[PDB]
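Each reported figure results from applying straightforward, stated rules to the coordinates on display, with no laboratory input. Neighbour counts are summed over all protein chains in view; Cβ atoms, including those assigned to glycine, are modelled from backbone coordinates with ideal geometry.
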Amino acid sequence: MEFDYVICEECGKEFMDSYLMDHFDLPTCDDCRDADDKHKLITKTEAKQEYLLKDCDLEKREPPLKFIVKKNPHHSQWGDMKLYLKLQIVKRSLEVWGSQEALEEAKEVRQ
Ligand SMILES: [Zn+2]
């Protein structure tokens with residue numbers, strides 16, 4: 001009868017908003033984490049581009065990855081700001097090359 005909660009589909013954790021479900025559009029909970037201490041997201045520009053990619057991938061299958069977009073929450077607040085969950089951004093960096101080390105090596109090997 002009328003709800004307003006959600007359970008993390010990753011491991012199953014009721015909740016409503018945290019670091020990804022509070023300003024990202026992704027539920028998750030304070031258990032999956034990603035940075036071991038915060039899961040600090042990663043700028044969408046340094047997330048895919050750096051991961052050797054930029055669109056055409058995360059929109060080719062339409063995965064459960066969400067992003068934020070607005071003034072930065074920490075110090076320094078430029079005009080707009082596009083960010084993408086870091087954990088999910090890592091799952092893709094591998095799905096493509098398979099590891100952030102295969103990326104760093106792909107850019108150091110290529111010209
Ligand atoms: Zn979870």
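Structural remarks
- Dipole magnitude of the chain, debye to nearest 20 (Cβ charges: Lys/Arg +1, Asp/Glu -1, about Cα centre): 520 debye
- By the rule of a second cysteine Cβ within less than 4.7 angstrom, the chain holds isolated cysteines at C11, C32, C56.
- Karplus (6.51, -1.76, 1.60) ³J(HN,Hα), θ = phi - 60°, over the range 45-58, in Hz, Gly and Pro reported as x: 6, 7, 8, 7, 2, 4, 6, 6, 6, 6, 6, 6, 10, 6
- The chain: angle of helix 86-96 to the longest principal axis, Cα-based, in degrees nearest 10: 40 degrees
- Between helix 100-109 and the chain: long-axis angle, C-alpha atoms, 0 to 90°, nearest 10: 20 degrees
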